[PDB]
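Following: one structure in structure tokens, then a few remarks.
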Amino acid sequence: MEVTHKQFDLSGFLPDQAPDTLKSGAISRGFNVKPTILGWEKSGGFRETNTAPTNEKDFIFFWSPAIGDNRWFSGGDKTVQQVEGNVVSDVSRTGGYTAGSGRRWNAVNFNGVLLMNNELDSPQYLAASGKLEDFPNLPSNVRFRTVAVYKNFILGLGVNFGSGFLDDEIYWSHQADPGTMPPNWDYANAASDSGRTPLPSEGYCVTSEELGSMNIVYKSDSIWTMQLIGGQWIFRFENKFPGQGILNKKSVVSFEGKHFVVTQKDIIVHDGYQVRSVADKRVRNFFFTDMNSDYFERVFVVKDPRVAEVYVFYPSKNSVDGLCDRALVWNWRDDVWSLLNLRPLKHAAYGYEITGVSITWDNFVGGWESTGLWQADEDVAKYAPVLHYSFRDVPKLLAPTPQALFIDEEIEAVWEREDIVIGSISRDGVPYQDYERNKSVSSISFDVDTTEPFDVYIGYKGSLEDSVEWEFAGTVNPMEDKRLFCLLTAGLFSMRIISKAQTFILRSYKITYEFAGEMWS
Amino acid sequence: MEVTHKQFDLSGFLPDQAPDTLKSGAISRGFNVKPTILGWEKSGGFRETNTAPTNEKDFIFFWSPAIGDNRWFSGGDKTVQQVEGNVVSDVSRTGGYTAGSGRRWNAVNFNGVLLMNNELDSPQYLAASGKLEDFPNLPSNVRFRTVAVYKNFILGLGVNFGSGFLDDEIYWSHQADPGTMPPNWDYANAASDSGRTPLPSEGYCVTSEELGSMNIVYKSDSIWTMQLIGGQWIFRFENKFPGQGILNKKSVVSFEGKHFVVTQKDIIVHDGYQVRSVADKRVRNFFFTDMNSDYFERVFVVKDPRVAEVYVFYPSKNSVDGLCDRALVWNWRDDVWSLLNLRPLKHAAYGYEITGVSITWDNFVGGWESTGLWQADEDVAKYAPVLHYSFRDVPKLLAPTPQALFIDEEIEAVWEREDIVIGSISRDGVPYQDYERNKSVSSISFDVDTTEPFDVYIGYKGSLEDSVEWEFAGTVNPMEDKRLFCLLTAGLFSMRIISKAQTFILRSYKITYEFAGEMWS
Amino acid sequence: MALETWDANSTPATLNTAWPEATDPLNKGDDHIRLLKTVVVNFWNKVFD
Amino acid sequence: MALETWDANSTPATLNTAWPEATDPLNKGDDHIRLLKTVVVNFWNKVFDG
Amino acid sequence: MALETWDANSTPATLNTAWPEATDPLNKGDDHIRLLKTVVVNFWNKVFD
Amino acid sequence: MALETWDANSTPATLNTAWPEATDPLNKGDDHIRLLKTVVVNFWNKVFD
Amino acid sequence: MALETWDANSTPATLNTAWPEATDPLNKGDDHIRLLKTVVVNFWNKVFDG
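Residue numbers (the entry's author numbering), protein chains in the order written: chain O, 1 to 521; chain O', 1 to 521; chain u, 1 to 49; chain p, 1 to 50; chain z, 1 to 49; chain u', 1 to 49; chain p', 1 to 50. A prime marks a further copy of an entry chain.
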């Protein structure tokens with residue numbers, strides 16, 4: 001008899017459930033593939049942009065007061081540079097920042113001004129002059145672990161007063177007027193309490209950066225809200241959702257009036273009204289079992305502007321330099337999870353890209369074998385930004401491309417499912433697993449859309465307690481044929497597909513099998 | 001014919017329903033196993049930490065003003081000590097507290113200050129000096145059974161005025177400024193009524209400690225709310241949910257904007273809007289039938305930070321010293337109940353753990369047979385805290401570990417189901433129990449993920465009125481074989497599995513049987 | 001995670017790259033080395049003979 | 001990451017003989033064992049039956 | 001000892017399976033790992049370019 | 001809870017450890033002792049004969 | 001808990017002869033009967049058919 005498992009049911013990467021029972025359209029391992037309504041297709045590659053800071057990088061921010069004013073900031077270690085057009089210029093303080101910065105650079109736009117805090121030196125602002133200068137009317141010693149803004153007040157978290165660090169926050173400023181830095185810090189006179197507040201909890205007040213309209217403050221171990229009420233007490237405080245913290249200062253983002261947060265114990269989306277634990281039976285265990293944790297500060301969260309996706313970059317155990325080698329991609333239009341296995345990466349951000357000189361039949365320098373797309377890339381989507389990636393061993397910043405060639409080199413994809421459902425079929429037409437008889441497999445038939453060839457591996461295990469053992473089934477070239485023949489008997493079966501090609505879309509597949517007795521061990 | 005009962009349906013420990021009818025994936029007895037989406041797996045063991053107070057313990061609290069300031073408090077009898085790093089220092093009042101304390105120590109953070117009440121001596125606060133000192137501006141004789149905080153007012157419950165105890169509460173304080181102890185108790189002048197309030201009910205106002213935003217006050221036999229309205233009358237009072245009390249001063253905790261409370265008659269979760277009786281047809285009867293009750297004050301409730309669970313430690317009938325020998329674990333991500341059978345325990349709390357010296361190939365002192373995990377434990381989850389447990393006969397505090405070896409010694413697990421469903425099968429494919437015919441059992445086949453061996457016991461009873469009688473079926477080693485053969489005829493059957501191994505995951509099992517006449521007695 | 005089920009003639013087929021997991025026990029360390037040794041010897045015997 | 005820089009598709013050529021030195025931390029030992037597994041499998045599939 | 005005598009020119013022939021042993025000291029774990037690395041490299045070199 | 005169904009040849013198999021429950025009646029006390037006596041005698045007769 | 005300290009897996013070695021004294025409270029008698037049951041079963045399974 002035959003069993004037909006069809007993809008495009010939008011189940012996706014489910015590494016937390018038992019492989020034996022995950023539904024067709026679900027896989028247990030693999031990378032560089034993402035689930036769509038078409039099947040299990042392959043993700044694109046990377047091109048290069050003109051931006052190049054030639055410093056240590058480690059952090060990139062975008063500044064653009066108006067259209068065409070494409071200014072790129074690259075905050076490295078001990079040096080902060082500005083990249084505009086084809087020139088790179090220094091914008092750092094006269095006293096270069098202390099060593100170790102670049103692991104801790106944060107930036108924010110305060111009604112048109114840019115502020116950067118390294119936590120290892122005094123907070124800075126970019127002055128009209130064009131050089132980052134230290135803070136205007138605040139005493140020098142005080143330090144904030146992070147710098148945020150709520151309307152007209154610039155907030156600071158984890159404050160050191162010259163005596164030590166208290167893990168509490170200051171409502172710094174006295175209502176700076178738009179376009180101007182704040183008047184003064186004086187928690188005693190004009191703004192009355194312009195700070196000094198406990199926010200008691202077991203945690204340390206990591207990032208209070210995001211605002212839903214009312215700033216939400218995230219402490220490790222708890223969530224709190226903030227509202228502007230004015231008077232003797234400027235702000236109000238409540239404890240909302242105790243027990244849900246935040247992992248890192250870079251693990252928060254907003255979309256469609258909601259927030260995606262990577263808590264130390266979970267990944268959740270919330271709107272102040274309530275919470276929802278996304279990732280609970282899919283990916284929760286895997287993320288915390290494959291993260292190193294020596295580095296937990298190296299994770300960050302980015303939002304793709306062109307397509308609805310959330311990227312969670314994180315280090316793996318296999319990482320030796322502590323950078324980031326993998327990513328968990330979440331699609332919020334339709335809840336699916338993906339995994340990407342990519343080269344070591346420092347940081348990523350999105351911003352507008354300048355155009356390029358028109359390519360003409362006369363000026364092109366390559367044979368038909370050279371890379372490119374008919375549209376010069378900048379022209380594509382001149383309406384929206386494009387992610388830029390700093391890659392450590394690459395001289396220039398990169399951007400995604402539909403073409404899958406990386407710079408020129410090839411990207412491999414792996415598609416693996418463990419313990420496929422082979423057994424009887426319900427009267428409703430759905431198959432279910434049979435754990436009590438051995439099975440014998442004759443052929444595997446593929447329904448794909450790609451034309452280029454791929455490899456197929458077949459795994460077999462005697463029973464649940466055993467481990468999988470792999471056999472090389474062969475190579476499948478869809479245009480010539482779409483079937484593969486192998487004779488095996490075992491308790492359970494698993495299949496792995498490895499491809500290095502520009503296009504690979506998988507729609508479905510079926511297996512022909514027979515029952516072969518009973519299972520013993 | 002064959003009947004296949006599959007686990008991982010998330011039913012869990014259901015000791016209140018009739019065993020004959022509880023569904024597959026449900027058990028009636030057993031301990032040290034918890035239900036997951038993978039099956040019925042085995043819980044881990046305990047390691048040791050560096051913290052050791054060497055006093056009577058009986059109470060542990062965590063204090064940490066900033067990151068790295070890991071301060072552990074151990075409030076024993078007649079002596080209160082502070083454990084920091086590798087040193088233990090005394091912080092007690094000049095007059096050591098009276099005997100019997102340690103059964104009644106409560107602590108709370110009031111905008112950055114720590115307050116402890118033993119009820120047997122005057123309330124204390126930890127002074128700037130570093131010694132717990134008695135209360136600052138309150139008359140000496142007055143005593144509160146418990147000490148709580150609501151914003152800027154420190155509340156007291158069950159107040160004695162020098163004449164006797166009234167079981168009523170005082171809005172002590174006159175709005176202490178953050179970081180400062182309260183100005184004065186004067187229910188007559190500046191704060192007007194700074195207390196003296198009846199809260200009439202049949203009960204005694206146990207703990208009003210928790211706040212949902214508006215403090216909730218729990219009296220035995222009733223629930224009441226509190227709100228700050230100001231003016232001549234500082235606070236407002238309403239009776240919400242009469243008839244639902246609280247068992248103990250240590251039986252409340254908050255999570256995700258809700259409260260888990262162990263009432264004297266039920267276990268419930270509430271949000272002020274309404275109530276929900278969790279535990280009603282599962283575990284309600286068992287908890288109150290297996291608690292001793294001579295000791296009802298010895299129970300407490302703890303929340304696990306790493307994973308979503310609520311622990312309800314309580315004494316059993318078999319306890320001879322009155323300590324706590326068992327626990328009811330509740331998972332709120334997916335409603336299941338578990339039971340843990342563990343050594344006598346005094347108290348438990350969670351807090352950050354300091355690091356340790358790096359282990360190197362040169363410095364390690366043991367053979368491959370020694371205990372440990374590849375990651376030194378502190379490094380694991382440096383992002384979150386870890387439960388610490390005081391165990392009475394153990395010199396040092398302990399922490400959970402994935403490894404299952406306790407200190408070195410082994411932990412046993414028992415998996416028991418009574419009156420398995422053996423009978424006809426519905427056209428929908430679900431089995432149902434048959435109470436009118438005898439049955440004959442031939443074999444039992446297991447689907448497990450563990451590789452180590454286990455014991456299996458088979459029980460048989462003639463009919464419902466009889467008791468179970470146990471037979472030793474044999475030992476099952478999954479790698480060699482997964483089947484077991486025994487020939488028995490009886491009215492009803494039950495099975496028990498006992499394992500002492502690091503890993504044990506049970507996915508499903510099936511039974512082969514035949515009908516053997518009719519049931520008589 | 002603990003170990004690939006294995007015997008004297010296991011070969012490179014029975015190797016799970018991800019198996020020596022981060023939180024996995026030290027006591028299983030000896031076994032992992034030995035699985036690797038057996039695998040290498042058999043592969044050499046197969047293709048150099 | 002004081003080990004041979006390694007990646008998912010690396011050949012045994014990448015492996016270095018002396019890097020797991022004695023003073024090295026035990027924690028990165030798993031990284032060395034798994035590095036060894038990945039390389040052996042890759043070499044095998046490429047030449048033996050590939 | 002339970003550590004094979006080895007030199008930088010060791011072939012896959014040198015290893016004896018069963019050598020990392022349950023009783024063996026952990027201090028020799030790195031050495032055993034390093035032997036495996038020398039053995040593997042030489043064959044990829046002898047048989048492949 | 002009251003008592004394991006029992007007779008002269010019950011043996012240690014018919015013992016429910018949890019059966020003498022806390023709120024259970026005193027009048028059932030005599031029976032529980034006797035179940036234990038019968039069980040011990042039969043076990044001794046079985047294994048010392 | 002003025003009885004032999006006992007636990008779920010204890011052998012009969014643990015039991016003490018004189019502890020249930022006359023002055024002792026009737027309430028802890030159940031604890032003594034159940035202690036006796038647990039021990040007998042354990043000894044039996046360990047040696048008789050174990």
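Cβ atoms here follow ideal geometry from the backbone N, Cα and C, with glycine treated the same way.
Outcome for residue i when other beta-carbon atoms lying within 10 angstroms are tallied against a minimum of 16
| i | result |
| --- | --- |
| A18 of chain z | exposed |
| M1 of chain z | exposed |
| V113 of chain O' | buried |
| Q244 of chain O | buried |
| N318 of chain O | buried |
| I229 of chain O | exposed |
| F48 of chain z | exposed |
| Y457 of chain O | buried |
| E2 of chain O | exposed |
| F485 of chain O | exposed |
| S463 of chain O | buried |
| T94 of chain O | exposed |
| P200 of chain O' | exposed |
| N32 of chain O | buried |
| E119 of chain O' | buried |
| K46 of chain z | exposed |
Which of helix, strand or coil DSSP assigns to residue i
| i | result |
| --- | --- |
| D24 of chain u | coil |
| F300 of chain O' | strand |
| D134 of chain O' | strand |
| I170 of chain O | strand |
| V269 of chain O | strand |
| residue 525 of chain O | Residue 525 of chain O lies beyond the stretch modelled for chain O, which goes from 1 to 521, so this question has no answer here. |
| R103 of chain O' | coil |
| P12 of chain p | helix |
Listed by chain order, chain p' residues near residue i by CB distance under 7 Å
| i | result |
| --- | --- |
| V47 of chain u' | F48 |
8 Å contact criterion, which residue i and residue j should meet: CB distance rounded
| i | j | result |
| --- | --- | --- |
| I170 of chain O | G195 of chain O | 3 Å |
| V468 of chain O | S494 of chain O | 6 Å |
| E514 of chain O | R437 of chain O | Going by Cβ atoms, the distance from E514 of chain O to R437 of chain O rounds to 10 Å, so no, they are not a contact pair. |
| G45 of chain O | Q403 of chain O | 6 Å |
9 Å Cβ cut-off: residues of chain u touching residue i
| i | result |
| --- | --- |
| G372 of chain O' | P25, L26 and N27 |
Partner residues on chain p for residue i, Cβ-Cβ distance less than 7 Å
| i | result |
| --- | --- |
| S319 of chain O | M1 |
Below-8 Å beta-carbon distance, residue i vs any chain A residue
| i | result |
| --- | --- |
| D294 of chain O' | Annotation note: the requested chain A is absent from the structure, which comprises protein chains O, O', u, p, z, u' and p'. |
Contacts that residue i makes with chain p (C-beta to C-beta distance below 8 Å)
| i | result |
| --- | --- |
| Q375 of chain O' | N27 |
Contact set between residue i and chain u, taken where Cβ atoms lie within less than 7 Å
| i | result |
| --- | --- |
| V380 of chain O' | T23 |
Under 8 Å by beta carbon: chain p' residues contacting residue i
| i | result |
| --- | --- |
| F472 of chain O' | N45, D49 and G50 |
Chain p contacts made by the region 352-369 of chain O', where a contact means CB separation under 7 Å: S358, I359, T360, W361, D362 and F364
Interface positions of the region 5-17 of chain u facing chain z (Cβ-Cβ less than 9 Å), listed along the chain: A8
Residues of the region 16-41 of chain u whose Cβ lies closer than 7 Å to any Cβ of chain O', in chain order: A22, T23, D24, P25, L26, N27, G29 and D30
Contact residues within the region 108-138 of chain O', judged by C-beta distance below 7 Å to chain O: Residues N109, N111 and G112.
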